[PDB]
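As a convention, Cβ positions derive from the backbone with ideal geometry for all residues, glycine included, and neighbour counts pool all protein chains shown. Every number in this text was worked out from the coordinates using simple rules, so none of it is lab data.
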């Protein structure tokens, strides 16, 4: 009984809490320009080849690929990727808000892969590329909410 | 005065709130195995070529590259990337906790680029690749805290 309590303690894997999402850039200043002027992020800090933005929530950051290689030895992508590498998703509170966001973002020069549409996973979504190989999704659940939830 | 209040309303860019981080995978089941068994994430939902994990905080998700292309037209990377494409960062509460996390993770088969070290940006960090082109950073600030903060 006591040994079991010890066993349970030792084998539990504690899940980490992601605090910062750091995109790999090849042109920091152009990236900073995009997230600030197009998406409304505010600069919080700067270091060599690095900038990040204010919270709340996950901290969005940018770090030059060459600097990552040189300072950490992590082999960050040498050049701009040949396709999209990661997705950053923003849940909105209603499908109709998606169309509003689309028009505001499009007016600021955001280029979308398609106009707003309903998708087979029960969400209304829009998708756009950012300058660090990522794409962004704004989504809102249609009636019935999120499908596929496990029980 | 009234016109100015209207102007300020219209030109403010509202910053989005990232709710989900979705990695692009080429082998969903192997990815699911990594995040669950090595990092302690728990499955929350599944859809075709898709799985995500339980909160709190940002929701970690995985989505097959081929399915993204087919269902959204977003040109997700065709194959495994030639280098690291994005960084997921986990802030810990002290430098000494970094060395503890390193030993626990290493014991579970996480492969690190280097053992724990102090870096020139005033943090003690460890870095490891994941199966979706990303790498992970666990970091904790040394005495004096985060450098480069803007005023």
Among residues of the range A:80-100 being surrounded by fewer than 19 Cβ atoms within 10 Å (Cβ to Cβ) and closer than 17 Å to residue A:135 by Cα, the residue farthest from the other protein chains (Cβ to nearest Cβ) is A:80
For the range B:106-114, indicate whether the set of residues that are without any contact (Cβ under 8 Å) to a residue 12 or more places away in the chain and surrounded by fewer than 13 Cβ atoms within 10 Å (Cβ to Cβ) is non-empty. yes
Return the residue satisfying two criteria in turn: it lies in the range B:134-151 and is in a loop (DSSP other than H, G, I, E, B) and more than 7 Å from every other protein chain (Cβ to nearest Cβ), and of such residues it is nearest to residue A:73 (Cα to Cα). B:142
Give me a count of the residues in the range B:125-151 that are in contact with a strand residue (DSSP E or B) (Cβ under 9 Å, 6 or more places away or on another chain) and over 18 Å from residue A:18 (Cβ atoms). 5
So residue B:44, is it assigned to a strand (DSSP E or B) and touching a strand residue (DSSP E or B) at 6+ places or on another chain (Cβ under 8 Å): yes
Restricting the search to the range B:22-40, which residues are surrounded by 20 or more Cβ atoms within 10 Å (Cβ to Cβ) and either outside any helix (DSSP H, G or I) or at the interface with chain A (Cβ under 7 Å from one of its Cβ atoms) (or both)? B:22, B:23, B:24, B:25, B:39
Could you look through the range B:65-79, keep only residues that are in contact with a strand residue (DSSP E or B) (Cβ under 6 Å, 6 or more places away or on another chain) and more than 7 Å from every other protein chain (Cβ to nearest Cβ), and pick out the one that is nearest to residue B:101 (Cα to Cα)? B:65
Might you check whether a residue that is outside any strand (DSSP E or B), under 17 Å from the mean Cα position of the chain (by Cα) and closer than 15 Å to residue B:86 by Cα occurs anywhere in the range A:62-77? no
Name the residue that is nearest to residue B:13 (Cα to Cα), counting only residues in the range A:101-125 that are part of a strand (DSSP E or B) and at the interface with another protein chain (Cβ under 10 Å from one of its Cβ atoms). A:125
